[PDB]
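**Q** The following file, structure_36.pdb, comprises PDB, C-alpha atoms (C1' of nucleotides):
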ATOM      1  CA  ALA A   1      -2.431 -29.421  74.568
ATOM      2  CA  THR A   2      -3.106 -33.062  73.694
ATOM      3  CA  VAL A   3      -4.780 -36.125  75.233
ATOM      4  CA  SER A   4      -2.933 -39.109  76.731
ATOM      5  CA  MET A   5      -3.253 -42.827  75.997
ATOM      6  CA  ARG A   6      -4.404 -44.312  79.317
ATOM      7  CA  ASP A   7      -6.585 -41.378  80.380
ATOM      8  CA  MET A   8      -8.908 -42.077  77.453
ATOM      9  CA  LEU A   9      -8.693 -45.787  78.270
ATOM     10  CA  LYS A  10     -10.376 -45.227  81.635
ATOM     11  CA  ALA A  11     -13.254 -43.607  79.745
ATOM     12  CA  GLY A  12     -13.722 -46.575  77.415
ATOM     13  CA  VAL A  13     -12.725 -45.114  74.055
ATOM     14  CA  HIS A  14     -11.826 -48.562  72.701
ATOM     15  CA  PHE A  15     -15.280 -50.007  73.399
ATOM     16  CA  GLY A  16     -17.304 -50.097  70.193
ATOM     17  CA  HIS A  17     -20.662 -51.530  69.124
ATOM     18  CA  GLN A  18     -21.620 -55.137  68.399
ATOM     19  CA  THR A  19     -20.066 -56.847  65.389
ATOM     20  CA  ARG A  20     -23.588 -56.917  63.958
ATOM     21  CA  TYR A  21     -23.366 -53.210  63.111
ATOM     22  CA  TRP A  22     -19.702 -52.632  62.225
ATOM     23  CA  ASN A  23     -18.736 -50.979  58.936
ATOM     24  CA  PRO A  24     -16.079 -52.901  56.893
ATOM     25  CA  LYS A  25     -14.467 -49.624  55.795
ATOM     26  CA  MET A  26     -12.761 -49.434  59.195
ATOM     27  CA  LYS A  27     -10.755 -52.661  59.286
ATOM     28  CA  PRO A  28      -7.573 -50.603  59.785
ATOM     29  CA  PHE A  29      -9.195 -49.159  62.934
ATOM     30  CA  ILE A  30     -10.054 -52.471  64.605
ATOM     31  CA  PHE A  31      -7.920 -54.177  67.244
ATOM     32  CA  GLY A  32      -9.987 -57.269  67.940
ATOM     33  CA  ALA A  33     -13.203 -58.551  69.488
ATOM     34  CA  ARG A  34     -14.098 -59.193  73.123
ATOM     35  CA  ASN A  35     -17.522 -60.537  74.109
ATOM     36  CA  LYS A  36     -18.853 -60.244  70.533
ATOM     37  CA  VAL A  37     -18.303 -56.471  70.446
ATOM     38  CA  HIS A  38     -15.526 -54.595  68.650
ATOM     39  CA  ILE A  39     -12.403 -53.117  70.210
ATOM     40  CA  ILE A  40     -10.829 -49.986  68.726
ATOM     41  CA  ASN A  41      -7.074 -49.924  68.085
ATOM     42  CA  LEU A  42      -6.217 -46.715  69.950
ATOM     43  CA  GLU A  43      -2.511 -46.750  69.062
ATOM     44  CA  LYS A  44      -3.805 -45.740  65.633
ATOM     45  CA  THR A  45      -6.131 -43.169  67.195
ATOM     46  CA  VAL A  46      -3.782 -40.948  69.225
ATOM     47  CA  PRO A  47      -1.648 -40.026  66.201
ATOM     48  CA  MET A  48      -4.711 -39.615  63.959
ATOM     49  CA  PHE A  49      -6.248 -37.436  66.676
ATOM     50  CA  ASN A  50      -3.165 -35.216  66.706
ATOM     51  CA  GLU A  51      -2.733 -34.580  62.978
ATOM     52  CA  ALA A  52      -6.291 -33.276  63.187
ATOM     53  CA  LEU A  53      -5.621 -31.299  66.372
ATOM     54  CA  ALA A  54      -2.519 -29.771  64.790
ATOM     55  CA  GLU A  55      -4.631 -28.794  61.786
ATOM     56  CA  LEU A  56      -7.440 -27.509  64.001
ATOM     57  CA  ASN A  57      -5.013 -25.273  65.895
ATOM     58  CA  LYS A  58      -3.923 -23.804  62.550
ATOM     59  CA  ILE A  59      -7.321 -22.411  61.545
ATOM     60  CA  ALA A  60      -8.078 -21.283  65.105
ATOM     61  CA  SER A  61      -5.088 -18.925  65.042
ATOM     62  CA  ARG A  62      -6.318 -17.494  61.731
ATOM     63  CA  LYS A  63      -9.629 -16.771  63.485
ATOM     64  CA  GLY A  64     -11.708 -19.153  61.412
ATOM     65  CA  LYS A  65     -15.074 -20.526  62.498
ATOM     66  CA  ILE A  66     -15.769 -24.078  63.660
ATOM     67  CA  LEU A  67     -19.020 -25.919  64.334
ATOM     68  CA  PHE A  68     -19.724 -28.654  66.882
ATOM     69  CA  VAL A  69     -22.496 -31.099  65.956
ATOM     70  CA  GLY A  70     -24.300 -33.495  68.282
ATOM     71  CA  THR A  71     -27.910 -34.674  68.089
ATOM     72  CA  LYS A  72     -28.110 -37.329  70.818
ATOM     73  CA  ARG A  73     -29.243 -36.546  74.372
ATOM     74  CA  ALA A  74     -26.451 -38.715  75.800
ATOM     75  CA  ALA A  75     -23.986 -36.041  74.642
ATOM     76  CA  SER A  76     -26.259 -33.140  73.671
ATOM     77  CA  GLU A  77     -25.351 -30.949  76.659
ATOM     78  CA  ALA A  78     -21.627 -31.685  76.947
ATOM     79  CA  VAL A  79     -21.199 -30.029  73.556
ATOM     80  CA  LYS A  80     -22.947 -26.877  74.781
ATOM     81  CA  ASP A  81     -20.623 -25.915  77.632
ATOM     82  CA  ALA A  82     -17.702 -27.013  75.453
ATOM     83  CA  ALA A  83     -18.769 -24.338  72.974
ATOM     84  CA  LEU A  84     -19.202 -21.898  75.869
ATOM     85  CA  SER A  85     -15.537 -22.217  76.854
ATOM     86  CA  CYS A  86     -13.993 -21.500  73.446
ATOM     87  CA  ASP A  87     -16.976 -19.282  72.550
ATOM     88  CA  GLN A  88     -17.435 -20.885  69.122
ATOM     89  CA  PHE A  89     -20.631 -22.018  67.392
ATOM     90  CA  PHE A  90     -22.668 -25.178  67.907
ATOM     91  CA  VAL A  91     -25.910 -27.066  67.264
ATOM     92  CA  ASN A  92     -26.905 -29.481  70.028
ATOM     93  CA  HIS A  93     -30.528 -30.445  69.344
ATOM     94  CA  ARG A  94     -31.475 -31.011  65.708
ATOM     95  CA  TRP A  95     -29.547 -30.562  62.475
ATOM     96  CA  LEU A  96     -31.802 -28.889  59.925
ATOM     97  CA  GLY A  97     -31.029 -29.934  56.375
ATOM     98  CA  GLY A  98     -29.678 -26.655  55.076
ATOM     99  CA  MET A  99     -27.498 -24.910  57.654
ATOM    100  CA  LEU A 100     -24.665 -24.832  55.123
ATOM    101  CA  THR A 101     -26.033 -25.443  51.625
ATOM    102  CA  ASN A 102     -29.244 -23.485  52.189
ATOM    103  CA  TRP A 103     -27.583 -20.754  54.252
ATOM    104  CA  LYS A 104     -29.342 -18.147  52.114
ATOM    105  CA  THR A 105     -32.610 -19.302  53.690
ATOM    106  CA  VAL A 106     -31.625 -19.820  57.323
ATOM    107  CA  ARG A 107     -29.998 -16.379  57.307
ATOM    108  CA  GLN A 108     -33.407 -14.703  57.103
ATOM    109  CA  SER A 109     -34.620 -17.236  59.659
ATOM    110  CA  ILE A 110     -31.991 -15.587  61.858
ATOM    111  CA  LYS A 111     -33.516 -12.113  61.576
ATOM    112  CA  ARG A 112     -36.804 -13.682  62.671
ATOM    113  CA  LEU A 113     -35.067 -14.563  65.939
ATOM    114  CA  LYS A 114     -33.124 -11.364  66.692
ATOM    115  CA  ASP A 115     -35.981  -8.868  66.485
ATOM    116  CA  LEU A 116     -38.101 -11.309  68.502
ATOM    117  CA  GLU A 117     -35.291 -11.469  71.066
ATOM    118  CA  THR A 118     -34.989  -7.695  71.427
ATOM    119  CA  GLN A 119     -38.745  -7.081  71.566
ATOM    120  CA  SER A 120     -38.906  -9.704  74.305
ATOM    121  CA  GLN A 121     -36.860  -7.153  76.256
ATOM    122  CA  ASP A 122     -38.490  -3.769  75.538
ATOM    123  CA  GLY A 123     -41.855  -4.999  76.784
ATOM    124  CA  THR A 124     -43.776  -5.695  73.585
ATOM    125  CA  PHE A 125     -45.774  -8.633  74.946
ATOM    126  CA  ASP A 126     -47.397  -6.397  77.562
ATOM    127  CA  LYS A 127     -48.671  -4.418  74.576
ATOM    128  CA  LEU A 128     -49.843  -7.402  72.507
ATOM    129  CA  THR A 129     -52.852  -9.657  72.950
ATOM    130  CA  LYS A 130     -52.166 -12.582  75.289
ATOM    131  CA  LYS A 131     -52.728 -15.028  72.413
ATOM    132  CA  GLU A 132     -50.191 -13.297  70.164
ATOM    133  CA  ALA A 133     -47.961 -13.051  73.230
ATOM    134  CA  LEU A 134     -48.429 -16.814  73.499
ATOM    135  CA  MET A 135     -47.603 -17.137  69.800
ATOM    136  CA  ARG A 136     -44.430 -15.032  69.753
ATOM    137  CA  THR A 137     -43.170 -16.703  72.928
ATOM    138  CA  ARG A 138     -43.713 -20.371  72.013
ATOM    139  CA  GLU A 139     -41.810 -19.891  68.761
ATOM    140  CA  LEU A 140     -38.958 -18.234  70.659
ATOM    141  CA  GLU A 141     -38.115 -21.431  72.557
ATOM    142  CA  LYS A 142     -38.319 -23.467  69.353
ATOM    143  CA  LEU A 143     -35.971 -21.201  67.384
ATOM    144  CA  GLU A 144     -33.445 -20.614  70.173
ATOM    145  CA  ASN A 145     -33.283 -24.382  70.711
ATOM    146  CA  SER A 146     -32.834 -25.100  66.997
ATOM    147  CA  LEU A 147     -30.532 -22.393  65.613
ATOM    148  CA  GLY A 148     -29.787 -20.450  68.792
ATOM    149  CA  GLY A 149     -26.240 -21.767  69.003
ATOM    150  CA  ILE A 150     -25.401 -20.470  65.532
ATOM    151  CA  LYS A 151     -27.115 -17.099  65.987
ATOM    152  CA  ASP A 152     -23.829 -15.177  65.771
ATOM    153  CA  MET A 153     -22.127 -17.125  62.974
ATOM    154  CA  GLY A 154     -22.100 -14.367  60.362
ATOM    155  CA  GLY A 155     -21.715 -16.683  57.383
ATOM    156  CA  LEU A 156     -20.189 -20.120  56.882
ATOM    157  CA  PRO A 157     -17.742 -21.822  59.290
ATOM    158  CA  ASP A 158     -14.195 -22.560  58.131
ATOM    159  CA  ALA A 159     -14.438 -25.957  59.840
ATOM    160  CA  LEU A 160     -16.910 -28.360  61.428
ATOM    161  CA  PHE A 161     -16.635 -30.883  64.265
ATOM    162  CA  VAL A 162     -18.868 -33.963  64.191
ATOM    163  CA  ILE A 163     -19.949 -36.774  66.518
ATOM    164  CA  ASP A 164     -20.784 -40.174  64.967
ATOM    165  CA  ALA A 165     -20.968 -39.820  61.180
ATOM    166  CA  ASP A 166     -23.493 -42.663  61.091
ATOM    167  CA  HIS A 167     -26.371 -40.854  62.803
ATOM    168  CA  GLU A 168     -25.282 -37.425  61.536
ATOM    169  CA  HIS A 169     -24.545 -38.273  57.896
ATOM    170  CA  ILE A 170     -26.810 -35.394  56.865
ATOM    171  CA  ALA A 171     -24.203 -32.936  58.134
ATOM    172  CA  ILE A 172     -21.176 -34.539  56.483
ATOM    173  CA  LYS A 173     -22.932 -34.617  53.111
ATOM    174  CA  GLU A 174     -23.522 -30.855  53.293
ATOM    175  CA  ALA A 175     -20.038 -29.882  54.500
ATOM    176  CA  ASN A 176     -18.408 -31.524  51.483
ATOM    177  CA  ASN A 177     -20.609 -29.554  49.087
ATOM    178  CA  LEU A 178     -19.148 -26.244  50.280
ATOM    179  CA  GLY A 179     -15.530 -27.314  50.601
ATOM    180  CA  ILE A 180     -15.225 -27.338  54.383
ATOM    181  CA  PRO A 181     -12.768 -29.605  56.252
ATOM    182  CA  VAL A 182     -14.483 -32.167  58.482
ATOM    183  CA  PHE A 183     -13.261 -33.451  61.850
ATOM    184  CA  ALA A 184     -15.413 -36.313  63.079
ATOM    185  CA  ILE A 185     -15.229 -38.873  65.851
ATOM    186  CA  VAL A 186     -16.444 -41.774  63.729
ATOM    187  CA  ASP A 187     -17.659 -44.785  65.696
ATOM    188  CA  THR A 188     -16.960 -48.373  64.618
ATOM    189  CA  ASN A 189     -20.324 -48.712  62.840
ATOM    190  CA  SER A 190     -20.013 -45.687  60.549
ATOM    191  CA  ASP A 191     -18.523 -45.117  57.089
ATOM    192  CA  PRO A 192     -15.644 -42.596  57.504
ATOM    193  CA  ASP A 193     -15.061 -42.030  53.775
ATOM    194  CA  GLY A 194     -16.814 -38.663  53.852
ATOM    195  CA  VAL A 195     -14.487 -37.290  56.523
ATOM    196  CA  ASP A 196     -11.071 -35.730  55.868
ATOM    197  CA  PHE A 197      -9.591 -36.161  59.340
ATOM    198  CA  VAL A 198     -11.106 -39.371  60.682
ATOM    199  CA  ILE A 199     -10.883 -40.180  64.391
ATOM    200  CA  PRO A 200     -11.859 -43.693  65.571
ATOM    201  CA  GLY A 201     -13.483 -44.088  68.971
ATOM    202  CA  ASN A 202     -16.573 -44.268  71.162
ATOM    203  CA  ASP A 203     -19.039 -41.523  72.099
ATOM    204  CA  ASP A 204     -21.973 -43.292  73.761
ATOM    205  CA  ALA A 205     -20.298 -42.630  77.114
ATOM    206  CA  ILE A 206     -20.641 -39.152  78.611
ATOM    207  CA  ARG A 207     -17.101 -39.377  80.006
ATOM    208  CA  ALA A 208     -15.808 -40.224  76.520
ATOM    209  CA  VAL A 209     -17.002 -37.055  74.778
ATOM    210  CA  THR A 210     -15.708 -34.875  77.622
ATOM    211  CA  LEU A 211     -12.184 -35.867  76.574
ATOM    212  CA  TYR A 212     -12.792 -34.737  72.989
ATOM    213  CA  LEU A 213     -14.469 -31.323  72.863
ATOM    214  CA  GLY A 214     -12.726 -30.328  76.078
ATOM    215  CA  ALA A 215      -9.436 -30.728  74.239
ATOM    216  CA  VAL A 216     -10.990 -28.985  71.241
ATOM    217  CA  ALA A 217     -12.016 -26.140  73.549
ATOM    218  CA  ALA A 218      -8.368 -25.989  74.590
ATOM    219  CA  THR A 219      -6.858 -25.720  71.107
ATOM    220  CA  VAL A 220      -9.247 -22.923  70.127
ATOM    221  CA  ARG A 221      -8.143 -20.873  73.135
ATOM    222  CA  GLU A 222      -4.596 -21.450  71.875
ATOM    223  CA  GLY A 223      -5.683 -20.078  68.518
ATOM    224  CA  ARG A 224      -7.717 -17.059  69.608
ATOM    225  CA  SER A 225      -4.772 -16.102  71.817
TER     226      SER A 225
ATOM    227  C1'   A B   1     -61.580 -15.740  17.518
ATOM    228  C1'   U B   2     -62.222 -12.641  22.659
ATOM    229  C1'   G B   3     -62.964  -8.983  26.975
ATOM    230  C1'   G B   4     -66.207  -8.196  30.958
ATOM    231  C1'   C B   5     -69.584 -11.027  33.914
ATOM    232  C1'   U B   6     -71.974 -16.075  35.773
ATOM    233  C1'   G B   7     -72.909 -21.188  36.888
ATOM    234  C1'   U B   8     -70.043 -25.420  38.388
ATOM    235  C1'   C B   9     -67.148 -29.392  41.295
ATOM    236  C1'   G B  10     -67.391 -26.511  46.289
ATOM    237  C1'   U B  11     -67.640 -23.130  51.110
ATOM    238  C1'   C B  12     -64.984 -29.034  49.425
ATOM    239  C1'   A B  13     -59.962 -28.164  51.921
ATOM    240  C1'   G B  14     -56.896 -28.123  49.435
ATOM    241  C1'   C B  15     -53.334 -25.621  45.362
ATOM    242  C1'   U B  16     -48.308 -23.852  44.459
ATOM    243  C1'   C B  17     -43.527 -21.139  44.683
ATOM    244  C1'   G B  18     -38.180 -19.633  46.037
ATOM    245  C1'   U B  19     -33.717 -22.150  47.957
ATOM    246  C1'   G B  20     -31.468 -26.649  49.388
ATOM    247  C1'   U B  21     -31.656 -31.923  48.511
ATOM    248  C1'   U B  22     -32.585 -37.125  45.882
ATOM    249  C1'   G B  23     -32.936 -39.131  40.739
ATOM    250  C1'   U B  24     -29.728 -39.725  33.861
ATOM    251  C1'   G B  25     -34.884 -37.872  33.542
ATOM    252  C1'   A B  26     -40.247 -37.183  33.797
ATOM    253  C1'   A B  27     -40.323 -35.669  38.905
ATOM    254  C1'   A B  28     -39.671 -36.393  44.284
ATOM    255  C1'   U B  29     -38.940 -33.899  48.964
ATOM    256  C1'   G B  30     -41.586 -29.993  51.826
ATOM    257  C1'   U B  31     -47.595 -31.061  51.415
ATOM    258  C1'   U B  32     -45.395 -37.972  54.318
ATOM    259  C1'   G B  33     -45.618 -39.813  59.373
ATOM    260  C1'   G B  34     -48.097 -39.975  65.349
ATOM    261  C1'   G B  35     -52.345 -37.499  67.394
ATOM    262  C1'   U B  36     -55.975 -33.696  66.554
ATOM    263  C1'   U B  37     -59.391 -30.247  64.298
ATOM    264  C1'   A B  38     -65.132 -27.878  60.865
ATOM    265  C1'   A B  39     -59.811 -27.132  58.427
ATOM    266  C1'   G B  40     -52.236 -29.291  54.915
ATOM    267  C1'   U B  41     -55.959 -26.107  62.294
ATOM    268  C1'   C B  42     -52.127 -26.833  65.790
ATOM    269  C1'   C B  43     -47.876 -29.439  68.369
ATOM    270  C1'   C B  44     -43.986 -32.943  67.973
ATOM    271  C1'   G B  45     -41.092 -35.766  64.598
ATOM    272  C1'   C B  46     -38.643 -35.530  59.866
ATOM    273  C1'   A B  47     -33.626 -33.483  54.104
ATOM    274  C1'   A B  48     -35.932 -30.325  54.602
ATOM    275  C1'   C B  49     -35.961 -24.543  55.633
ATOM    276  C1'   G B  50     -39.224 -20.690  54.711
ATOM    277  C1'   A B  51     -43.159 -18.249  51.651
ATOM    278  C1'   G B  52     -47.774 -17.236  49.001
ATOM    279  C1'   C B  53     -53.182 -17.994  47.411
ATOM    280  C1'   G B  54     -56.648 -20.225  50.460
ATOM    281  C1'   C B  55     -58.604 -21.761  56.258
ATOM    282  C1'   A B  56     -59.498 -18.882  60.591
ATOM    283  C1'   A B  57     -59.554 -13.489  61.875
ATOM    284  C1'   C B  58     -60.693  -8.366  60.496
ATOM    285  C1'   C B  59     -66.862  -7.084  58.039
ATOM    286  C1'   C B  60     -72.639  -6.847  58.578
ATOM    287  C1'   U B  61     -76.578  -8.586  61.582
ATOM    288  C1'   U B  62     -78.696 -10.936  65.834
ATOM    289  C1'   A B  63     -78.430 -12.493  71.491
ATOM    290  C1'   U B  64     -76.672  -8.974  77.242
ATOM    291  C1'   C B  65     -75.255  -4.656  79.777
ATOM    292  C1'   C B  66     -73.294   0.519  80.170
ATOM    293  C1'   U B  67     -72.583   5.545  78.502
ATOM    294  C1'   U B  68     -74.738   9.768  75.265
ATOM    295  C1'   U B  69     -79.358  12.039  73.111
ATOM    296  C1'   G B  70     -85.227  12.156  73.723
ATOM    297  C1'   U B  71     -88.579  14.321  68.433
ATOM    298  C1'   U B  72     -93.425  12.987  65.583
ATOM    299  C1'   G B  73     -90.807   7.955  70.256
ATOM    300  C1'   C B  74     -92.141   6.024  75.411
ATOM    301  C1'   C B  75     -95.574   6.139  80.416
ATOM    302  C1'   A B  76     -93.137   4.340  85.864
ATOM    303  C1'   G B  77     -93.131   8.328  90.243
ATOM    304  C1'   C B  78     -97.425  12.890  90.723
ATOM    305  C1'   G B  79    -102.393  15.984  88.763
ATOM    306  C1'   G B  80    -106.825  17.146  85.111
ATOM    307  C1'   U B  81    -109.806  13.218  82.104
TER     308        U B  81
END
Go through the file and emit its structure as structure tokens.
**A**
Amino acid sequence: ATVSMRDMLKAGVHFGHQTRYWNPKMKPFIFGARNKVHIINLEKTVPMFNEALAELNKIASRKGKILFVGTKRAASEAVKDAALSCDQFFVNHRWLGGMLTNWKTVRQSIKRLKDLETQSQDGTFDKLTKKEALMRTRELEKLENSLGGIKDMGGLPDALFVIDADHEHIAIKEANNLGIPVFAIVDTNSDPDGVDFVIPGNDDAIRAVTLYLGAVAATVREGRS
RNA sequence: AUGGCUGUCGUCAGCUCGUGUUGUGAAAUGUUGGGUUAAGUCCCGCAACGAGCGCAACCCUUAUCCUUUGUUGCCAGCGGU
């Protein structure tokens, strides 16, 4: 399973940001400029998207763990259902500095969630004071919407998928410290030197990111099968 | 030379740690920021994530009612003074 050339063109994958934000480390990923904004050379993209997709299908068959990362509301929910298809792990709201490097801390932050999840089922809040019931409930929405998508990780992922290494450069700096391959969809204004398998393109369009993770959800099903 | 015990800034609201992270390093980060509160009190944000001593609470007393008991306490409903 792979993506075609013109199907991504209808989504606007070539459309980048203004030339007032571009990063000079991507000159080999630039086609030209139209209306003072950059245009991404997609003929370079498709092959560079497939050497990554061929590598991603390798670790999916070995039953490794991947991680989708997206912290922008214009794509924050498309990454959720994408992770629901290939039942892998994801973080769609806020990347806490320490999901990988400080995993020894967030692991006990996990047990804070589980017992609170199960006692929210046996009827413990009908036994508690309404103020403590207000306390244990308000924190439940905060934790489930922060690390709820990585609640069944069981350790460290064998891979990690990123969206825009410019806004999420906190994640790419951590992933390199543990020795984990990084697959990012670096926009034209980001520095892709911290990514192993770089993929030029746009993401500020909801229809654009649906092409990506959907295809990533496909390759994982090829692997787990 | 000390222990134990006390005053004191101050009943002011602060003081630190583990891990991660930034810096050659002293250290920084968290503990800053937007509001708010008696209060690093609480929420959101955030390379920080949690934790501890404190803060508050749990304690005593006082302000209201109910239940239980009625002496040497007390005096309404009834008699003798």
**Q** I'd like the neighbourhood of residue 50 in chain B as an MDAnalysis selection string, where a residue qualifies if any of its atoms comes within 10 Å (using all atoms listed in the file), though same-chain residues fewer than 5 positions away should be ignored.
**A** (chainID A and resid 105:106 108:109) or (chainID B and resid 18:19)
**Q** Provide the CA of residue 68 in chain A to CA of residue 3 in chain A distance in Å, to one decimal place.
**A**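 We find that CA of residue 68 in chain A and CA of residue 3 in chain A lie 18.7 Å from each other.
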**Q** Applied to this file, what does the PyMOL selection byres ((chain B) within 9 of (chain A)) return in terms of residues, put as number ranges by chain?
**A** B: 19-21, 47-50
**Q** Select all residues near (-41.9, -13.7, 68.9) (cut-off 10 Å, inclusive, file coordinates), counting all atoms listed in the file, and output them as a list in words.
**A** residues 112, 113, 114, 115, 116, 117, 118, 119, 120, 124, 125, 132, 133, 134, 135, 136, 137, 138, 139, 140, 141 and 143 of chain A
**Q** Once you have the residues from the selection above, write them out as a compact mmCIF listing (two decimals), in the frame of the given file, restricted to C-alpha atoms.
**A**
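Okay, this is what ended up in out_37.txt:
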# COMPACT_ATOMS: atom_id res chain seq x y z
CA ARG A 112 -36.80 -13.68 62.67
CA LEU A 113 -35.07 -14.56 65.94
CA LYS A 114 -33.12 -11.36 66.69
CA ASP A 115 -35.98 -8.87 66.48
CA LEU A 116 -38.10 -11.31 68.50
CA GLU A 117 -35.29 -11.47 71.07
CA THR A 118 -34.99 -7.70 71.43
CA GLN A 119 -38.74 -7.08 71.57
CA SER A 120 -38.91 -9.70 74.31
CA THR A 124 -43.78 -5.70 73.58
CA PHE A 125 -45.77 -8.63 74.95
CA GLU A 132 -50.19 -13.30 70.16
CA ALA A 133 -47.96 -13.05 73.23
CA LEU A 134 -48.43 -16.81 73.50
CA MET A 135 -47.60 -17.14 69.80
CA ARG A 136 -44.43 -15.03 69.75
CA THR A 137 -43.17 -16.70 72.93
CA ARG A 138 -43.71 -20.37 72.01
CA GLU A 139 -41.81 -19.89 68.76
CA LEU A 140 -38.96 -18.23 70.66
CA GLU A 141 -38.12 -21.43 72.56
CA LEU A 143 -35.97 -21.20 67.38
**Q** Any idea what's packed within 8 Å of residue 72 in chain A, counting all atoms listed in the file, ignoring anything in its chain fewer than 3 positions away? Could you give it as a count of residues only?
**A** 4
**Q** Counting only C-alpha atoms (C1' of nucleotides), which residue out of B:46, B:63, B:26, B:55 sits closest to residue 12 in chain B?
**A** B:55
**Q** Given the file shown, determine the residues that the PyMOL selection byres ((chain A and resi 20) around 9) selects; report them as a list in words.
**A**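 Evaluating the PyMOL selection byres ((chain A and resi 20) around 9) on these coordinates yields residues 17, 18, 19, 21, 22, 36, 37 and 189 of chain A.
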**Q** With C-alpha atoms retained, export the selected residues as an mmCIF file, keeping the file's coordinate frame.
**A**
data_model
loop_
_atom_site.group_PDB
_atom_site.id
_atom_site.type_symbol
_atom_site.label_atom_id
_atom_site.label_comp_id
_atom_site.auth_asym_id
_atom_site.auth_seq_id
_atom_site.Cartn_x
_atom_site.Cartn_y
_atom_site.Cartn_z
ATOM 1 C CA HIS A 17 -20.662 -51.530 69.124
ATOM 2 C CA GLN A 18 -21.620 -55.137 68.399
ATOM 3 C CA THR A 19 -20.066 -56.847 65.389
ATOM 4 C CA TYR A 21 -23.366 -53.210 63.111
ATOM 5 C CA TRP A 22 -19.702 -52.632 62.225
ATOM 6 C CA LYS A 36 -18.853 -60.244 70.533
ATOM 7 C CA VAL A 37 -18.303 -56.471 70.446
ATOM 8 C CA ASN A 189 -20.324 -48.712 62.840
#
**Q** The PyMOL selection byres ((chain A and resi 192) around 12) on the file shown: which residues, as a ChimeraX atom specification?
**A** /A:22-29,162-166,168-169,172-173,182-191,193-201
**Q** Once you have the residues from the selection above, write them out as a compact mmCIF listing (two decimals), in the coordinates of the input, restricted to C-alpha atoms.
**A**
# COMPACT_ATOMS: atom_id res chain seq x y z
CA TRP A 22 -19.70 -52.63 62.22
CA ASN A 23 -18.74 -50.98 58.94
CA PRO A 24 -16.08 -52.90 56.89
CA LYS A 25 -14.47 -49.62 55.80
CA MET A 26 -12.76 -49.43 59.20
CA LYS A 27 -10.76 -52.66 59.29
CA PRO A 28 -7.57 -50.60 59.78
CA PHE A 29 -9.20 -49.16 62.93
CA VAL A 162 -18.87 -33.96 64.19
CA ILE A 163 -19.95 -36.77 66.52
CA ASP A 164 -20.78 -40.17 64.97
CA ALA A 165 -20.97 -39.82 61.18
CA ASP A 166 -23.49 -42.66 61.09
CA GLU A 168 -25.28 -37.42 61.54
CA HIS A 169 -24.54 -38.27 57.90
CA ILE A 172 -21.18 -34.54 56.48
CA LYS A 173 -22.93 -34.62 53.11
CA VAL A 182 -14.48 -32.17 58.48
CA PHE A 183 -13.26 -33.45 61.85
CA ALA A 184 -15.41 -36.31 63.08
CA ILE A 185 -15.23 -38.87 65.85
CA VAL A 186 -16.44 -41.77 63.73
CA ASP A 187 -17.66 -44.78 65.70
CA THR A 188 -16.96 -48.37 64.62
CA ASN A 189 -20.32 -48.71 62.84
CA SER A 190 -20.01 -45.69 60.55
CA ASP A 191 -18.52 -45.12 57.09
CA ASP A 193 -15.06 -42.03 53.78
CA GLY A 194 -16.81 -38.66 53.85
CA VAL A 195 -14.49 -37.29 56.52
CA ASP A 196 -11.07 -35.73 55.87
CA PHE A 197 -9.59 -36.16 59.34
CA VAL A 198 -11.11 -39.37 60.68
CA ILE A 199 -10.88 -40.18 64.39
CA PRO A 200 -11.86 -43.69 65.57
CA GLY A 201 -13.48 -44.09 68.97
**Q** Just to confirm, what's the straight-line distance from CA of residue 213 in chain A to CA of residue 82 in chain A in Å (one decimal)?
**A**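 CA of residue 213 in chain A sits 6.0 Å away from CA of residue 82 in chain A.
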**Q** Tell me, in Å to one decimal, how far CA of residue 208 in chain A is from CA of residue 11 in chain A.
**A**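 Those two atoms sit 5.3 Å apart.
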**Q** Counting only C-alpha atoms (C1' of nucleotides), which residues come within 10 Å of (-16.6, -33.3, 74.8), with the point read in the file's coordinates, and could you list them as a list in words?
**A** residues 68, 75, 76, 77, 78, 79, 80, 81, 82, 83, 163, 203, 206, 207, 208, 209, 210, 211, 212, 213, 214, 215, 216 and 217 of chain A
**Q** Skip residue 15 in chain B itself and residues of its chain fewer than 2 positions away, then list as a ChimeraX atom specification all residues within 10 Å of it, counting only C-alpha atoms (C1' of nucleotides).
**A** /B:13,31,53-54
**Q** Excluding residue 64 in chain A and its own-chain neighbours fewer than 4 positions away, which residues fall within 6 Å of it when counting all atoms listed in the file? Please give them as a VMD selection string.
**A** chain A and resid 59 to 60 158
**Q** Keeping only C-alpha atoms, write the selected residues as a PDB file, in the coordinates of the input.
**A**
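New file again.pdb:
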ATOM      1  CA  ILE A  59      -7.321 -22.411  61.545  1.00  0.00           C
ATOM      2  CA  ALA A  60      -8.078 -21.283  65.105  1.00  0.00           C
ATOM      3  CA  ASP A 158     -14.195 -22.560  58.131  1.00  0.00           C
TER       4      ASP A 158
END
**Q** Might I get the box with edges along x, y and z of the file that holds all atoms of range 19-34 of chain B listed there, padded by 6 Å on every side, given as centre and edge lengths in Å to one decimal, as lines of an AutoDock Vina configuration file?
**A**
center_x = -38.9
center_y = -31.1
center_z = 49.4
size_x = 30.4
size_y = 29.8
size_z = 43.8
**Q** Between B:17, B:69, B:56, B:11, which residue has the minimum interatomic distance to residue 41 in chain B, considering only C-alpha atoms (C1' of nucleotides)?
**A** B:56
**Q** Out of A:87, A:204, A:222, A:55, which residue has the shortest atom-to-atom distance to residue 14 in chain A when counting all atoms listed in the file?
**A**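 Nearest candidate to residue 14 in chain A out of A:87, A:204, A:222, A:55: A:204.
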